[PDB]
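First comes one chain, alone, set out as structure tokens in the form solved without the partner chain.
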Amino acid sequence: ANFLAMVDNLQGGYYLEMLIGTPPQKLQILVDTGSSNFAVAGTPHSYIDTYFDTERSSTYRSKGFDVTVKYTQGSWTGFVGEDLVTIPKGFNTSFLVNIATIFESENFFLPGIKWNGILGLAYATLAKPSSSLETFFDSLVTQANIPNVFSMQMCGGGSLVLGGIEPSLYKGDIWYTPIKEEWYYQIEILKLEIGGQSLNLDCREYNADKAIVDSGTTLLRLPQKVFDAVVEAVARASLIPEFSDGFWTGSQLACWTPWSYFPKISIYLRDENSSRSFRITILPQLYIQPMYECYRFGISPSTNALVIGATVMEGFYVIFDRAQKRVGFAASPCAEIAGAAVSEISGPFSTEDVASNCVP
């Protein structure tokens, strides 16, 4: 690989241009660290330009079985095949991968999205129909001779660096937190802090369902109890009363013709040395999201997981280091509005007052 060629390979969610088959067909593919399937539109469908026509690729081969994926707000079904893929911005060769071509979907291609397939970059264990459907990144690692690492920067284009870390995409040090389970990119959250004030929740509350780093989720999603605790704390810490209940639950916009008023939100993560922790911090600019200028709240409740989505990933260079079973973080120099950093990272802080494992 050539990592310097990978800088600025993302557009838009955030998507990568990929060429599938012979002759190549160009698709726009969402980068999703929260699933494990390479799946693309296989038929015309409302709210997409393009789709992969398997009949037009001379190298395509059908596996002769289908796959159905169900998530919480929807689903898709596709034929499973294999074909040759090129990534024009990164590698000069093509690779043989598994592919799912979607021929029906329930609530999956929604209006206004600009991708037409998904690239799941998580672990084999999440792959469907099963974990023996070799994931896109497992293929690339083996065939492209690259390290078992990738890293992401989103500038809210962006960068997906397959097979390493690009030094020009960060300043300061990278902080590494252990991967706790290799399915999603599950990490250990030790504490949430608002305006400098810690919530008073048992740290198990933060990992209760599970805390994961997911680029295929837009918002910071928090378990109900944790979400209530945050909203109360942001309300409590903002200079003037600005927000209706409607704003907090995404059901209303907040408008001005307004930023010193709202607090920073910090997430504490266990270092590789479990006695130490580091903090990733977002400023109101990242969670008070521009849509008179109106804004939507960047955080929403979750039943199933604590999801470190784009709201947070936008501030950091995130390094998914599968080879050493850790997820790394550094501040993104691109994450700046009107001259100011919209995120920070600091450490170390002692974990001596926290349970030595916060995951139930």
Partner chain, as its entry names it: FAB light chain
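Residues that one form lacks are left out of the comparison. Heads up, when I say rigid core I mean the largest set of C-alphas that superpose within 1.5 Å between the two forms. Positions refer to the first chain, counted from 1.
What follows is about the form solved in complex with the partner chain, which we do not show.
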Please identify the residue among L253, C155, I165, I174 with any heavy atom within 4.5 Å of the partner chain in the entry with it bound. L253
Picking from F243, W183, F79, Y71, the single residue whose non-hydrogen atoms come within 4.5 angstroms of the partner chain in the entry with it bound is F243
Want to guess which of 228 to 236, 274 to 282, 209 to 217, 189 to 197 is within 4.5 Å of the partner chain in the entry with it bound, heavy atoms only? 228 to 236
Would you classify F262 as touching the partner chain in the entry with it bound, given a 4.5 Å non-hydrogen atom cut-off? yes
Can you check whether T249 is within 4.5 Å of the partner chain in the entry with it bound, heavy atom basis? yes
Using the partner position in the entry with it bound, report whether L121 sits within 4.5 Å of the partner chain, counting heavy atoms only. no
Residue-level contact is defined here as any heavy atom of the residue lying within 4.5 Å of the partner chain in the entry with it bound; does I288 satisfy this criterion? yes
Please name the one residue from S130, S244, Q224, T142 with a C-alpha displacement of 2 Å or more between the shown form and the other one, using the rigid core for the superposition. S244
Core-superposed, runs of 3+ residues with CA shift of 2 Å or more between the shown form and the other one span 240 to 253
